[PDB]
């Protein structure tokens, strides 16, 4: 199997809603040890987002059952812990791909890729933080903030305020402050600043991405409305 067939397999797996297969295919593509195209980047992200998302959804269901309820609670807690370990394994898989391939071999001028991958790194440490406790949680919360903040600095310097990757970073970084750090003022400032910076430079919208830009601006406004 060559790279073209692996990417085709990922596309087929996505259509069949077999996201474990999709992630394995795109992990294999990454492990060819060459950079990812924009499409390969998106396929990798979609794959792992859906894999981890199934675990996140299941974890929230079992955690809610654990709060609402002898050998029964022992099984509920053990099952939650089983799902937790699966979720953590998926996140560490992604983070290893990011740290050892994707961020590692980014060129100096590939600012969009660096922001994309650093945002992903922030995302997956944030998913770890959702289920972590104690000192383990403090470590992954710190790692999430470090990745988001570096992505934010790079995107501030090298990307237009309407660029959809910069806007989506602000969206998720603000969510990190609201949900993980319990810091609604900082979350609102991040979201409002990104929205305002985009609307002030509306003339920088690109023909190939203006739909994503304007939609993510609405998602930012949605969260600000919910939070204020």
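Positions refer to the first chain, counted from 1. C-alpha atoms forming the largest set that superposes within 1.5 Å between two forms make up the rigid core.
After superposition on the rigid core, the larger root-mean-square Cα deviation in 9 other deposited structures of this protein belongs to 210 to 218, not to the other of 15 to 23 and 210 to 218. The segment moving more, judged by mean Cα distance from this form in 9 other deposited structures of this protein after a core overlay, is 73 to 81 among 73 to 81 and 137 to 145. The modelled chain is continuous from residue 42 to residue 43, since every residue of the deposited sequence in that stretch has coordinates. When the C-alpha B-factors of 169 to 177 and 192 to 200 are averaged, 192 to 200 comes out higher. For the segment pair 43 to 51 and 157 to 165, the entry gives 157 to 165 the higher mean B-factor, averaged over Cα atoms. For the set 89, 120, 128, 78, the PDB entry assigns the largest Cα B-factor to 78. Comparing the listed residues 58, 67, 37, 30, the entry records the largest Cα B-factor for 67. Per the PDB record, residue ranking by Cα B-factor puts residue 17 in the middle third of the chain.
For residue 147, the recorded CA temperature factor ranks within the lowest third of the chain's modelled residues.
For residue 187, the recorded CA temperature factor ranks within the middle third of the chain's modelled residues. The entry lists a Cα temperature factor for residue 116 that places it in the lowest third of the chain's modelled residues. In the PDB entry, residue 132 places in the highest third of its chain by CA B-factor.
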